[PDB]
Structures are given as structure tokens and as C-alpha cells.
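Participant: Following this message is one structure expressed as C-alpha cells.
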Amino acid sequence: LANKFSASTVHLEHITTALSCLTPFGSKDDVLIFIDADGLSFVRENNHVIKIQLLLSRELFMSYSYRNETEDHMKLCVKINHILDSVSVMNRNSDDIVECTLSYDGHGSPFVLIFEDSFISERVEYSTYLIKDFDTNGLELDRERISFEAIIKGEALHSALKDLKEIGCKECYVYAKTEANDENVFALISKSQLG
Amino acid sequence: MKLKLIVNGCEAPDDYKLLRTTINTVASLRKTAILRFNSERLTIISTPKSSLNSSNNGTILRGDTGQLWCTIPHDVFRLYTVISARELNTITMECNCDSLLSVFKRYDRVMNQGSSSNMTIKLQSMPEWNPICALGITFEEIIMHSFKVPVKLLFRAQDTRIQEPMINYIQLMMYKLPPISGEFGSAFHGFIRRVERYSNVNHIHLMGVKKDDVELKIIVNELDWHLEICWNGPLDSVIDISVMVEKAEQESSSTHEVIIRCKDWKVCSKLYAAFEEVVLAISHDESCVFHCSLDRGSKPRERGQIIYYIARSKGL
């Protein structure tokens, strides 16, 4: 395509999964989209205290073209509510959608999303906004001063988070300790109405 | 003023379906409908310029400008006795749509039950009450069910003021819609009704662009995000204080666009679902015409026609 960025895929699960993951950061706020040859990233921040970055690499798309030359990456800002409503209305017939294409033509142009079916194509253009002065890179891990590291199975952590949510947890404490004989202790301690 | 008509649904079901669709459309469009019984065909009109309809002031209050015209050849009725001393033995009347719709619904129920009787329609002078007469309708039910409907006859002067809208054919782009019974019929039916998924959308922008050699798009700009719905399947093109409306200059010689109301589009979708041969005509920034044609042959017979004219809801 003639656009500066154009990526098309046949797996609609990735997009809806990304929106689902971004939802907990607020149904009505801004989302930053970073585009580069490596891939496309969604970034959200809350209260200057928490940040989420979800990456979609080239491999996830059956076609991926990034023709920009002046800049190695492109930054834009959109409203999450617009995308959420548009996708919810367009994704009602999820069984029939066969292709999804994202496109962008640089600063001053909208972010274009096209759902292509067998005979019907729906094209939506999202207006873009100036990016806030706050830098997403500000909140980052100091790779040279790690206090501790741990690897956990997704299912167990998700179950623990569910349990904490169901008891109305108000404060959380991550406790990590190591001893000899390969003894390890990782725990989550919750302060809630239960105590 | 003898208007003896016999209607049978077991013979030529296409004509009965056409009549049912016509009455349903006129009932859903306006409260009252005009019936013109000529020596050759019956014309059913739903227009805001009628004496009864104009009593609602629809045009000024809600912009009810669309006009529905339906033609039924005399061959539809088993018996067609229409004798008059007017031009071409024409008799004009105005009737209420709800009563006719209820009577036809009862007839449909009786037919579905298993009866194969015929409906006799005549004009009668009711002594109970532009004199007002009654439409005596009767039919057997395997019991002689008879119902009467008020009707108001019209004069020649009143009749002549109701004239079918015409369009500038030379400045008019027509598209032959895919047949509903075809493999693409379901796809086009879904494409037409797609915009209904957005409740808050009131106006839709229809666009037609050359280069199956043309394409049709529905644009919605009432939402927080611009929306375009495109049809990529096959689609063939057929080859006082009053002032004229202002027309925006066409972007190109091969693009025709018009903005219309969503209700008119729903009516067009229903009409498209009803019939097989449908043509959509656009007069750029002027109007949209939905023409449903039913073809029957024996010496080809008369073609059943339903033409719905929709004026633009907004300027371009």
C-alpha cells in the first residue's frame, strides 16, 4: 500500500486480546501507539504510577510494511473508548470477519482500521491527539539494581490474583526469600476487611 | 360506480405477494393511501400531498417527503369490473391503511389455515353515514366473513393534483442490485441492514463510484469516528416563495452521492427483500429512487412496478 505503515492479519484474536488486556487501565482515556519495523506497541499509563506496554511483533501479521524513512518509528495517541466501541459494534459477527488491516500515514492523518469480510469491508478512521509531556520511559526497571527476580506459572498467579480480588484486598505485599537446600519462599500478603 | 374485483391467492401467488407488500408498505409509510382504479391497472399512492395526509403537516414538522407509487395490472384480479365516465374510466379514492391491512392479515391467516376461497371487493353506499362510501369486502372461510372499510371518493380536479414525481433521467446514475434469491442476495441484504447496528445514526451518505464496473458505499459521519461500509461484490450498472435546491458540485463525472434518512433506507431494505429485480437510482445531491420490478409473461404481460422516491435529508 501507499501508506507509511500498513499491517494486515487474519487472526482477530490478537487485537481483541490486546484490547481486553488494556481495558483495566480505564475505559475512557488515551492509548499511545508506537510503530516501527520490529512491530507495533500499545502503551497506557495510570496516575504516573503504573504503566503497561503490549507488543505485537511482525510475525503476528501475514503482511507488515513500514516504509517510513525519515524516522525509525512513529508515535500517535488515540482514545480507547472510540476503538472499544467501534470494535464492539464491528466484531458482533466475529464468525464472518476474515481479515483485519491497520494503517497509518504519519502525523496529521487518522489511524485507519479495516475489517474485511467475504464481500463487505468496514473502514473506520480514528482521530489522533497530541502526546502528553509525560514520558512512558520514565517508569522503568533499573536493570543494574534488581532486588529480586522470580519466574511463575501463569495459572497459579492468575488464581492468586482472583483470590485477592474476591476478598476485597486493599493492600498487597510481595514477600520473597531464599535459603540453602534450594529453599524458596514467594508469597502475597493481603490486607483487607478479612484482616 | 361499480368496482367489482375478485382476488385469489391460490392462482399466481406472485401477484398476491406484490399486493400484500404494496399494502404493507403504504400502511407503514403513511396513515392513508390513494387508490386509482383505471381500465388497465390499479395505482396505489402513498404521498404527503393527499387531503388526509396533508392534515398531519408531516413535511414541515418531520420532513416526510418520500413518495411511494405501486402499479398492479388488471390481470392480478380474477374479475376486473371498473366502469366510469371519466378519462380512461378512472375512479380515484382515499382509504385508511390500517383497516385494509387488518383485512388482508385476516385473509392471509384464513389462507394459511387451508381455505382456498376468493375475496370479492365492491363499492357500496352505506346509509349509516366528497361523499363517503364503503369498500364491501367478503370471503368464505371453511361462513361468509364480510367487512367494510370507509373510503372517500375524489374529483377530477383533486385527482389531477396528485402527480407522480419524475427525475432527470440523463442526470441520474442507476445500479442494478443483485437478485435477493441469488447467492449474493444474503450478502447484499446484510450490507443494506448493516447501518442499523448503530442506533444513534440518523442520516446515511450513499455514494456510487465508477470502477461489475462500479461500487457502492454507505458513509456515516455522525459518530465520534468516521465510518465507511463498502460493497466489494458484483454489482452491475444499467446503461410563491419556492426556489430550486442548491446542488453541490460533483467531485467527478463518475461519482454520485446523496444523504438520506435511515428510515427511508430501512424501507428500501424491506422493499429489496420483498422483490427480486431492484434498481437503485441516485440523482447527485438531489434524490434516491428505489425501483422494484416484477416480470411476468404468457405476448409479454404488464410489468409490476413499485417506485419509492426519497428526497435528500441534507445538502452536500
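Cβ coordinates were reconstructed from backbone atoms using ideal geometry, including for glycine residues, and neighbour counts include every protein chain displayed. What follows is calculated from the coordinates using simple rules that are stated; it is not laboratory data.
Participant: Along the charge dipole of region B:1-124, pointing to its positive end and built from +1/-1 on Cβ of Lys, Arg, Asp and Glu, which listed residue (B:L61, B:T25, B:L35) has its Cα farthest out?
Facilitator: B:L61
Participant: Consider just the alpha-carbon atoms of chain A and return their Rg together with their Dmax, both in angstrom.
Facilitator: 20.4, 65
Participant: Another question, then. Based on the alpha-carbon gyration tensor of region A:91-131 and its eigenvalue square roots a ≥ b ≥ c, which shape applies: rounded if a/c is under 1.5, prolate if not and a/b is larger than b/c, or oblate?
Facilitator: On the way: a/c = 3.55, a/b = 2.58, b/c = 1.38.
Verdict is prolate for region A:91-131.
Participant: Another one. Taking only DSSP H segments of four or more residues, each worth -39500 (n - 2.57), what value at 222 nm results for chain A once the sum is divided by all its residues, to the nearest 500 deg cm²/dmol?
Facilitator: Numbers: 3 runs with 35 residues, N = 195.
Value at 222 nm, helices only, nearest 500: -5500 deg cm²/dmol.
Participant: In µm²/s, what is D for region B:116-241 at 25 °C and 0.890 mPa s, where D = kT/(6 pi eta Rh) by Stokes-Einstein and Rh is the Kirkwood radius from Cα pairs?
Facilitator: Working: Rh = 20.4 Å.
Calculated translational D: 120 µm²/s.
Participant: If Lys and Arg each add +1 and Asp and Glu each add -1, what is the summed charge of the other residues whose beta carbon sits under 15 Å from the beta carbon of B:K210? Don't skip to the answer; put the middle values down first.
Facilitator: Numbers: positive: B:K176, B:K211, B:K217; negative: B:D212, B:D213, B:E215, B:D236, B:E251, B:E257.
So the environment of B:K210 carries a net charge of -3.
Participant: Would you work out which of A:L54, A:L84, A:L40 lies farthest towards the positive end of the dipole of region A:1-87, given +1 charges on the beta-carbon of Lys and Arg and -1 on that of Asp and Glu, about the Cα centre?
Facilitator: Towards the positive end, the residue furthest out is A:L84.
Participant: Can you check what the Kirkwood hydrodynamic radius comes to for chain B, Cα pairs only, in Å to one decimal? Please report the intermediate quantities before stating the final value.
Facilitator: Values: mean 1/r = 0.0469 Å⁻¹.
Computed over Cα pairs of chain B, the Kirkwood hydrodynamic radius comes out at 21.3 Å.
Participant: In addition: If you filter region A:129-195 for chymotrypsin sites (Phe, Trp or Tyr not before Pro), then keep DSSP loop positions with at most 12 other Cβ within 10 Å, what is left?
Facilitator: Numbers: sites: A:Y129, A:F134, A:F148, A:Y173, A:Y175, A:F186; in loops: A:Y129, A:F134, A:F148.
Answer in residue order: A:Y129, A:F134, A:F148.
Participant: If I take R0 = 22 Å and measure r between the Cβ atoms of A:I189 and A:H48 in this structure, what FRET efficiency does the formula 1/(1 + (r/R0)^6) give, to the nearest 0.05? Intermediate results must be reported in sequence, preceding the final value.
Facilitator: On the way: r = 26 Å, r/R0 = 1.17.
My answer for the efficiency is 0.30.
Participant: Quick one: dipole size for the protein assembly as shown, taken about the Cα centre, charges +1 on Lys/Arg Cβ and -1 on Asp/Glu Cβ, in debye to the nearest 20.
Facilitator: Details: 57 positive and 68 negative charges, 657 e Å.
In debye, rounded to 20, the protein assembly as shown gives about 3160.
Participant: While we're looking at this one, here's another question. Go ahead and estimate [θ] at 222 nm for chain B from helices alone: -39,500 (n - 2.57) per DSSP H run with n ≥ 4, summed, over the residue count, rounded to 500. Show your work: numbers first, answer last.
Facilitator: Details: 6 runs with 66 residues, N = 316.
Value at 222 nm, helices only: -6500 deg cm²/dmol.
Participant: Beyond 41 Å, how much of the Cα-Cα pair distribution for the protein assembly as shown remains, as a whole percent?
Facilitator: Details: 56574 of 130305 pairs.
Value for the protein assembly as shown (Cα pairs over 41 Å): 43 percent.
Participant: Then there's this: Using all Cα-Cα distances in region A:15-102, what percent lands in each 5 angstrom bin from 0 up to the longest?
Facilitator: 3, 12, 22, 23, 20, 14, 6, 1, 0
Participant: Translational diffusion coefficient, Stokes-Einstein: compute it for region A:119-174 using the Kirkwood radius over C-alpha pairs as Rh, at 4 °C and 1.567 mPa s, and state it as an integer in µm² s⁻¹. Numbers along the way, then the final one.
Facilitator: Values: Rh = 17.0 Å.
This corresponds to a translational diffusion coefficient of 76 µm²/s.
Participant: Please state the shape class of region B:145-190: rounded when a/c is under 1.5, otherwise prolate if a/b exceeds b/c and oblate if not, all from the C-alpha gyration tensor. Spell out each step's value before the answer.
Facilitator: Numbers: a/c = 6.06, a/b = 1.46, b/c = 4.14.
It comes out oblate by the Cα gyration axes.
Participant: How big is the Rg/Rh ratio for region A:1-51, C-alpha atoms only, Rh by Kirkwood, two decimals?
Facilitator: Values: Rg = 13.1 Å, Rh = 12.9 Å.
Here Rg/Rh amounts to 1.02.
Participant: Can you give the convex hull volume of the alpha carbon atoms of region B:1-67 per residue, in Å³?
Facilitator: Numbers: hull volume 7.0 nm³, N = 67.
So the per-residue hull volume is 104 Å³.
Participant: List every residue whose amide H lies under 5 Å from the amide H of B:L42, counting only residues 5 or more places away in sequence or on a different chain, with H placed 1.01 Å from N in the peptide plane.
Facilitator: It is B:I72, B:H74, by chain and number.
Participant: Region A:121-171: which GluC sites (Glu not before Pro) are DSSP loop and have at most 10 other beta-carbon atoms within 10 angstrom?
Facilitator: On the way: sites: A:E122, A:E125, A:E140, A:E144, A:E149, A:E155, A:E166, A:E171; in loops: A:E140, A:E144, A:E149.
When the GluC sites (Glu not before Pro) of region A:121-171 are filtered for loop state and at most 10 Cβ neighbours within 10 Å, A:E140, A:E144, A:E149 remain.
Participant: From the residues B:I91, B:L206, A:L194, which one has its Cα farthest along the dipole of the protein assembly as shown in the positive direction, the dipole being from +1 and -1 charges on Cβ of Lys/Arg and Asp/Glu about the Cα centre?
Facilitator: In the protein assembly as shown, that residue is B:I91.
Participant: State the antiparallel share, in %, of DSSP beta bridges confined to region A:115-195, rounding to the nearest 5.
Facilitator: Details: 10 of 10 bridges.
The antiparallel proportion sits near 100 percent.
Participant: Say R0 is 22 Å: what FRET efficiency, to the nearest 0.05, do B:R197 and B:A273 get from their beta-carbon distance? Don't jump to the answer; show the numbers that get you there.
Facilitator: Numbers: r = 17 Å, r/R0 = 0.78.
Efficiency computed from Cβ-Cβ geometry: 0.80.
Participant: Compute, for region B:223-316, the length of the dipole vector about the Cα centre, with Cβ point charges of +1 (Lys, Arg) and -1 (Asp, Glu) only. Units Debye, rounded to 20. Please list the in-between numbers first.
Facilitator: On the way: 11 positive and 15 negative charges, 123 e Å.
In debye, rounded to 20, region B:223-316 gives about 580.
Participant: Additional query: What is the mean projected area of the alpha carbon convex hull for region B:98-142, to one decimal in square nanometres? Kindly include the intermediate steps, with their values, before the conclusion.
Facilitator: Values: hull surface 15.7 nm².
For region B:98-142, the mean projected area of the Cα convex hull comes to 3.9 nm².
Participant: With respect to the cross-link table entries A:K79/B:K217; B:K105/B:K270; B:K105/B:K176; B:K49/B:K152; B:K176/B:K299; A:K162/A:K191, which display a Cα-Cα separation exceeding 20 Å? Working shown, then result.
Facilitator: On the way: A:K79/B:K217 26 Å; B:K105/B:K270 18 Å; B:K105/B:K176 32 Å; B:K49/B:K152 15 Å; B:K176/B:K299 25 Å; A:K162/A:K191 15 Å.
Too far apart for the 20 Å limit: A:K79/B:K217; B:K105/B:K176; B:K176/B:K299.
Participant: Follow-up question, since we're still on this one. Please work out the FRET efficiency for the pair B:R106 and B:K148, using the Cβ-Cβ distance as r and a Förster radius of 22 Å; give the result to the nearest 0.05. Present the calculation step by step, with values, prior to reporting the outcome.
Facilitator: Details: r = 13 Å, r/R0 = 0.61.
Rounded to the nearest 0.05, the efficiency is 0.95.
Participant: What does the C-alpha gyration tensor say about the overall shape of region B:213-276? Classify as rounded when a/c is under 1.5, otherwise prolate if a/b is larger than b/c, or oblate.
Facilitator: Numbers: a/c = 1.34, a/b = 1.30, b/c = 1.03.
Because its axes are fairly even, with a/c under 1.5, region B:213-276 counts as rounded.
Participant: In region A:18-61, whose amide N lies under 18 Å from the spot 7 Å out along Cα-to-Cβ of A:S147? List them in ranges.
Facilitator: Those under the cut-off are A:49-51.
Participant: Taking region B:2-154, how much of its Cα-Cα pair set, in percent, is spaced more than 24 angstrom apart? Don't skip to the answer; put the middle values down first.
Facilitator: Working: 3789 of 11628 pairs.
Looking at region B:2-154, the distances longer than 24 Å represent 33 percent of pairs.
Participant: What is the distance, in nm, between label points placed 7 Å from the Cα along the Cα-to-Cβ direction at B:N130 and at B:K217?
Facilitator: Result for the modelled spin labels: 4.7 nm.
Participant: Sticking with this structure for a sec: What does the charge count near B:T65 come to, summing +1 for each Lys or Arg and -1 for each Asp or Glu among other residues with Cβ under 11 Å from its Cβ?
Facilitator: On the way: positive: B:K49, B:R62, B:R261, B:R312; negative: B:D64, B:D264.
Charge balance near B:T65 sits at +2.
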